[PDB]
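Just below is one structure, and these are the notes that go with it.
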Amino acid sequence: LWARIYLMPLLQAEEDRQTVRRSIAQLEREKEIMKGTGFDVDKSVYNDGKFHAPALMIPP
Amino acid sequence: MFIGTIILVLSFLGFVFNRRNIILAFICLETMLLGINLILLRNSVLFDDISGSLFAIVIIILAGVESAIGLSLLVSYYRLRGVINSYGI
Amino acid sequence: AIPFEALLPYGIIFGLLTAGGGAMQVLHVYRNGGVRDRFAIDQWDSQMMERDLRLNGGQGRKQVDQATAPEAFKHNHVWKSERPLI
Amino acid sequence: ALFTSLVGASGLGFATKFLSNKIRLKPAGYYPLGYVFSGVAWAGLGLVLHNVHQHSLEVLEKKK
Amino acid sequence: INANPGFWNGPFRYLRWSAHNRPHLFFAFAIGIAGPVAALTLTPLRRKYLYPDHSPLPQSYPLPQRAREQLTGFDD
Amino acid sequence: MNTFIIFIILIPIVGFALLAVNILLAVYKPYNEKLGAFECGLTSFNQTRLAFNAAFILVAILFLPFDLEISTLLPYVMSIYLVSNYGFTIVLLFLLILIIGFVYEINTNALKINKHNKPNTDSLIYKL
Amino acid sequence: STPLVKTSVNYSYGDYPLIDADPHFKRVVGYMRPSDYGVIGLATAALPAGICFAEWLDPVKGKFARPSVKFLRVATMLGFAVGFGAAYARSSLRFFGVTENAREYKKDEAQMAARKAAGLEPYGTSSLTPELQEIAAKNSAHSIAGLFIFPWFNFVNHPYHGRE
Amino acid sequence: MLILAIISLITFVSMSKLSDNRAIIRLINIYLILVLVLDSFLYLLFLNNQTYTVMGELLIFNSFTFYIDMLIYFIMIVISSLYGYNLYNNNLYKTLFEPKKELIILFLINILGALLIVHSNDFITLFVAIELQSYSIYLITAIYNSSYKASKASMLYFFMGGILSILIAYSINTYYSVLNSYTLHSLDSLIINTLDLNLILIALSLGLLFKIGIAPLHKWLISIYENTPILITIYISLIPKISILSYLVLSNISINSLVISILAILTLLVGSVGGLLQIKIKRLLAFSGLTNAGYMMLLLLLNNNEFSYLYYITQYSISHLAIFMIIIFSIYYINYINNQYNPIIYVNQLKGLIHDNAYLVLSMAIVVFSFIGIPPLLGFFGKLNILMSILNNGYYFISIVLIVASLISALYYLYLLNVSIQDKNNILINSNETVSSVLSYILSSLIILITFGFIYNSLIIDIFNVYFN
Amino acid sequence: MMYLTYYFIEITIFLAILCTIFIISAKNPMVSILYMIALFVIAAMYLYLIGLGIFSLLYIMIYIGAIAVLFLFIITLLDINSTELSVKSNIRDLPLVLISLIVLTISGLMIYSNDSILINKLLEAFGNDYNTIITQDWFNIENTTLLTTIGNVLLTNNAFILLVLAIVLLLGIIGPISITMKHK
Amino acid sequence: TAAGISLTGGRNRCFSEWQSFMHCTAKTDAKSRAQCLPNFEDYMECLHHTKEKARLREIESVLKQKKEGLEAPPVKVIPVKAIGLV
Ligand SMILES: CCCCC/C=C/C/C=C\CCCCCCCC(=O)O[C@H](COC(=O)CCCCCCCCCCCCCCC)COP(=O)([O-])OCC[N+](C)(C)C
């Protein structure tokens, strides 16, 4: 258990880096699909200001 | 939640419009409980919440005890009559 | 005396189970690329093995102990797309 | 008054004993010790009620 | 011949009768009650003389109960 | 497609193959006397369902509560360290409650089939 | 012995100061007054006395007969149980400050001061983790309210006693 | 205390012979009385309406629940007296009223289920308690298994109660699927405004309410009441009704519900009118129970219902016990015993009861006029409190329907007294055997409560103001 | 693969519909019990598919291994009469069956929504046209599965529920004995 | 109570929104309680993703109504065997 505790921060840092990268990427993709239309792609569906990685993608 | 809902509705209709035998009524009860548990467990997975699964476990234990008591009641009813009519109740 | 004809079927059973198990061990090791099997692996181990696949080029359970990751490790991250549980 | 409450509750007990004698098709004074026992028991209940009510009034007054 | 002498008439004679004539029940009961009684009466003795209880294992990341220090190193 | 799923599919296939071989290779010549139920070489009359003893019912009915009792201990043995001393006390209380029911079953002689006919023990008395 | 959750401090359950919001079983018994033991004895006597008096009023078999010793013994055991329950509840209510508790308040002050002099935790050391201590406290706190239904006691040394 | 009694009773009864039954019941009777008088002081905990969550928020204890628990204890004491004490010592009464070996255990387990329903703070607690009470009640209905009617009734109970238990479970799981919660405590005014829970909460309410037999699902329970042994009927038509209604009163999940309003109206109409052509005593009393259930159903439409509900349920329980006891007492004076489970069946068998036992008929008159609502009997004050509550909240049409139902049900209440005060040709001269002292005293105490309880009305309100405000 | 393996859930649903119909239409009630066993295997399949294989095994252990066994035991010992499904007996139900089917199914799909408008309430039911994104983190260092967590909450947070369940099982013993055994 | 406990004994998927809403309800009173409407909204959003599904419906409707090409770093689906290949 202590071995896993000492590894937790680096693994979570790598995963957080990926979470940021892919969330910003999806925002850019969606705003490019919605260019030319009257819809805000940056507006969160939540009311708090906090970062919210997407759930729920369009099936690929 | 589709499979649980369909199972529950069809089991209820089978119980209500049963005009054939009493065992069908027992079975429809058991399967209505199964459908309810299925709906609950899917919601438990989608919330990642142990409360639904805890309730489902309790439902299983209570269905066992209810089955035992219902069949004891049926046997006590049989003891005086020696047969179950297709209206046996 | 010890009746050996009465032991012959027990010997057949013992030999069959022994040889089948030895063959199974060899097949498992060969499937693993030269190491013993992993057993009783939890969610942590599962994620670690997926990360290993990302680092070693998809070579199963191959290990690399170099301090710095290759470039492709930045862009071969996988998320899973799960169908709606209806 | 506490004394009046005890008399009234004991009278309730006396009425209970009388009605139980009558329902058993017995004379009013059939087992007269039962009147004493019934009166004492119902007086005890009346006393408990009186004390609880007095405490309730005390509490209502102390929040002022 | 042999018959139940009644527990409440005499405790030790009834216990002897049970051990002789109902061993399955008698020793099932003895084994069953041995446990909790031993727990209550023996675990403190084990703690005092044999060894104390072990230190708890971590269950999650142990978060410091403090403010963030300013630190230095491995910077961009 | 791991070995588990392949093995589980394979077993019924082999059963069905043996059945098919038997159907394909054995002769099949039913006739009335062969089709009779075998009861020691004779024939018996069709009868109303036998009257059965209550212990027969009771074993099967009481299986379910005892089975549920036993199976309810699975969460405990899978969580024993996590709940250690508090849960140990709780599981002891749960077991003791179920043992009271076992005691009831044992003392009522609920699964004993009593031989209805017993030797007569009355004295022989003569009015002289 | 550090609490994981915030508790109320010196909350008023009644007209008297709070001593202990979830007193330990050992303390509830140890703080019992002679009047509580009189209650235990009264119930122990009352149940078999009640069974005999009921026999006298309306005999089970027409002719009066003293109840056998098996029923007197069971009545004595159950009467002790009711008496102990009532005595436990009376002592507990003194710990909540619902009834008069001056003697108990003084005795608790002295006991806590002595333990502090000795360096011990005021409510003892537990063999449970703090999370299990919290769950135990939330199972036992105010459980005496359910005395009609079920018995539940505080057997855990936890820190959640509602004091400063 | 209750759990302890159940454990001890299972052991003791297991080691006891069938002839000890009544003795055992007597023991438990006195035990319950002791718990009522030595543990009563715990009421102090609830001074100023202090509420306690208990058992990791699974249970809720307040003054309302404490009172309901005391009432259920009192009812259990009264009903267990009817099994522990012989009315008469002759052979016929031994045959009529003999307690089964396991009946007392089933009663105590059912009481546990009821008390757990009352105190339920979480839906898992509610469902476990509901199934405990339901299973116990099926077994209580079946335990007289020499009777054809009782065994058939037990089967009908099992199946209808199972369907309604399924409805309750489905309601709870839909609530969970919407809120990820199992407690009503998570409901706030903001949540109620934001979400539509009405369909879920009314489904739960209906699942609970059909289990005590409101209209239009009344006939099955009335059949069960008719076809059980009379000493079983006294228990099974009261305890579930109290437990379920008390839970719904304390939960307040149907305030100003249109559906509950319509079903309450239908229940009052069906209960009053459908009692009119009844000729069997137990069917008449079952329709009376239906009408009084409708009265109490009205209180599920408003907040601050506690005083009127507690008053009504208390006086109704007292009157229900009294009328069943009077019917039991009248068995000795009838010409024709219909069978060993229901010795008296038809109202007409009470004809001329006044010439055999005048004071029994006086007791009947008091109880009947209390059911009708004549002051200053307790029934009048129960109905008055209910009217105050509903008119304070604007339920005008329902108040008129309540008045009409009261008038209509008075006819079948007066039927009993009417036949009971007519003339009969062969009247009683003397009899050597007296009815039991214990049961006669209990019946008389109930009559005296119904008659003179109003004297304590203002004192009761004063205490209520400090324990429920 | 993909085509079959994507619609495994839908296949379980279709099989469940068929199995329920077969339960109700069976000539022999023993055959009805067997179709009930089939429905329970299908339910175990669904539970495995949504990630709850432990509940699959528990359902197989308890509902087939115990409850269905008791069902068969009882129908074997007891004399049951049954009539067959027929137009003369059952076509009279078809109108009510159809109305009840539509009303109950629609309402059972609508009870889940939070939209004010009824048509939107029903429409949300068929509104999962999207995939859930499964993501990783590293905060769980223990090997805690569903069974372990159930044990943890049932024995500590909800211990009272376990003890009450013990009473319910006590009832499941005492009651059957009370009404199936004749004392003395 | 088991509220807030996930399938693995930690915090469930929507615990954070629920805890912030509970902080809100604890600080306000019945008259002020409506001030907590956004928090509760967020909680329900996490539970059911209704607004997210609506927004995806809008984006997908506009996507399927376009013949012009898309020039942005895309998403690529791979077999589980091809995790880490190349
Ligand atoms: C020495 C121990 C004896 C105690 C045993 C009690 C057993 C209860 C058994 C049956 C219930 C009968 C009615 C209970 C009386 C309510 C008391 C109360 O005032 O009710 C209030 C709440 O008012 C309500 O909601 C409305 C109640 C509606 C009552 C309707 C009937 C009125 C007619 C009764 C006339 C009184 C007869 C007196 C005879 C002299 C709760 O009071 P509380 O919770 O603070 O407890 C009291 C303190 N106690 C525990 C020591 C007793």
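FYI, side chains are in, hydrogens and waters are out, and symmetry mates aren't considered; it's all heavy atoms of this structure. Counting starts at 1 for both ligands and their atoms, in listed order. Each chain gets a letter, A, B and so on, in the order the sequences are listed, and its residues count up from 1.
Nearest protein heavy-atom contact of atom 51 (C) of ligand 1 is H:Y43 CE2, 3.6 Å. At the top of the distance list for atom 16 (C) of ligand 1, counting protein heavy atoms only, stands H:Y67 CE1, 4.1 Å. At the top of the distance list for atom 1 (C) of ligand 1, counting protein heavy atoms only, stands D:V48 CG2, 3.8 Å. Nearest protein neighbour of atom 38 (C) of ligand 1, counting heavy atoms only, is H:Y456 CE1, 3.6 Å. Nearest to atom 21 (C) of ligand 1 among the protein's heavy atoms is H:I463 CG2, 4.4 Å. For atom 4 (C) of ligand 1, the closest heavy atom belonging to the protein is H:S40 OG, 3.5 Å. In terms of protein heavy-atom proximity, atom 31 (C) of ligand 1 is nearest to H:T314 CG2, 4.2 Å. Protein heavy atom closest to atom 3 (C) of ligand 1, with residue, atom name and distance, is D:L45 CD1, 3.9 Å.
Counting only heavy atoms, the protein never gets under 4.0 Å from atom 11 (C) of ligand 1. Counting protein heavy atoms under 4.0 angstrom from atom 48 (C) of ligand 1 gives one or more.
At most 12 heavy atoms of other shown residues, nucleotides or ligands fall within 6.0 angstrom of atom OH in D:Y31. Within 6.0 Å of CE on H:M388 lie no more than 12 heavy atoms contributed by other residues, nucleotides or ligands.
Comparing heavy-atom distances from atom 22 (C) of ligand 1 across H:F468, H:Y311, H:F452, H:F74 singles out H:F468 as nearest. Checking H:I461, H:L71, H:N385, H:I460 against atom 23 (O) of ligand 1, the nearest heavy atom belongs to H:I460.
Residue pairs meeting the ring-ring contact (aromatic ring centres under 6.0 Å, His included) criterion with at least one partner in residues 367-391 of chain H, sequence neighbours excluded, are H:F371-H:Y413.
Residue contacts with ligand 1: H:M70 is included, with a non-hydrogen atom under 4.0 Å away.
No side-chain N or O of H:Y85 forms a donor-acceptor pair with one of H:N29 less than 3.5 Å apart. For the residue pair H:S254 and H:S205, no side-chain donor N or O sits within less than 3.5 Å of a side-chain acceptor on the partner. D:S20 and H:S440 are linked by a side-chain donor-acceptor pair at a separation below 3.5 angstrom, with hydrogens and angles left out of the test.
Close approach of ligand 1 to D:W42 is summarised as follows: ligand atoms under 4.0 Å from at least one heavy atom of the residue are 39 (C). The contact set between ligand 1 and H:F464, taken as ligand atoms under 4.0 Å from a residue heavy atom, comprises 24 (C), 25 (O). Atoms of ligand 1 lying under 4.0 Å from at least one heavy atom of H:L449, given by number and element, are 37 (C). The distance from ligand 1 to the heavy atoms of H:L310 drops below 4.0 Å at these ligand atoms: 25 (O).
A side-chain contact (heavy atoms from CB on, under 4.5 Å) with H:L126 holds for exactly one of H:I117, H:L58, H:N121; it is H:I117.
In this structure, the side chain to side chain contact (heavy atoms under 4.5 Å, CB included) partners of G:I19, at least two apart in sequence or on a different chain, are G:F95, G:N101, G:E104, G:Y105, G:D108.
Counting heavy atoms from C-beta on, the side chains of H:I232 and H:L103 come closer than 4.5 Å. Counting only heavy atoms from C-beta outward, the side chains of H:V54 and H:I60 never approach each other to under 4.5 Å. H:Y395 is not listed as a side-chain neighbour of H:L298, based on a closest heavy-atom distance of 4.5 Å or more.
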